[PDB]
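Each chain carries a letter (A, B, C, D, E, F, G, H, I and J) given by its place in the written order, and its residues are counted from 1.
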Amino acid sequence: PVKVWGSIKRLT
Amino acid sequence: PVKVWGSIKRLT
Amino acid sequence: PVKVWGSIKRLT
Amino acid sequence: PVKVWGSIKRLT
Amino acid sequence: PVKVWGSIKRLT
Amino acid sequence: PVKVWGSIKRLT
Amino acid sequence: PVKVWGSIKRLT
Amino acid sequence: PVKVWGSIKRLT
Amino acid sequence: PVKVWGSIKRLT
Amino acid sequence: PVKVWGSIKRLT
């Protein structure tokens, strides 16, 4: 499986 | 800020 | 930034 | 297998 | 086999 | 055999 | 963009 | 950018 | 979009 | 043999 982790700042 | 985490098993 | 890593066995 | 590595900055 | 190559910039 | 061709531009 | 190409002998 | 490379033996 | 075309043989 | 033609991801 491909795992992802973290956070972005602006949605658009 | 939007936190992102999880996993994908298929590409497309 | 969202870190991504891993491998997939099937395309679709 | 299809390997993935890196980070995304954009959600959409 | 099905070969893949490139990079993704956006999550979805 | 079944041939494949195209492109994925999004991760999920 | 991730390019996809090749051939598979069975769909599953 | 998330780098993607490799090969898969089955489509679905 | 991923295009698919060809013929399907069996394991026999 | 059983021939196939089309796309994995339907367009509009």
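Assume contacts are C-beta pairs under 8 Å (C-beta built on N, C-alpha and C of every residue); 3 or more make two chains touch, one makes a residue touch a chain.
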In terms of contact pairs by residue number, which of D-E, E-G or C-D shares over half with G-H? D-E
Between G-I and E-G, flag the pair that has more C-beta pairs in contact. E-G
Could you grab the centroid distance between chain C and chain I? Build each centroid from C-alpha atoms only and quote it in angstrom. 24
How far is the middle of chain D from the middle of chain J, if each middle is the mean of its Cα atoms, in Å? 27
Centroid distance [mean C-alpha coordinates] between chain J and chain F, Å: 12
Centre-to-centre distance between chain H and chain A (centres being mean Cα positions), rounded to whole Å: 20
Give the residues of chain B touching no fewer than two other chains, as numbers and ranges. 2, 4, 7-9, 11-12
In the complex of these two chains, what residues of chain A are touching chain D? 2, 6, 8, 11-12
Could you pull out which chain C residues touch chain D in their complex? 1-9, 11
Chain G contacts chain I in the complex at 4, 7, 9-11
The chain H residues in contact with chain F across the complex are 2, 4, 11
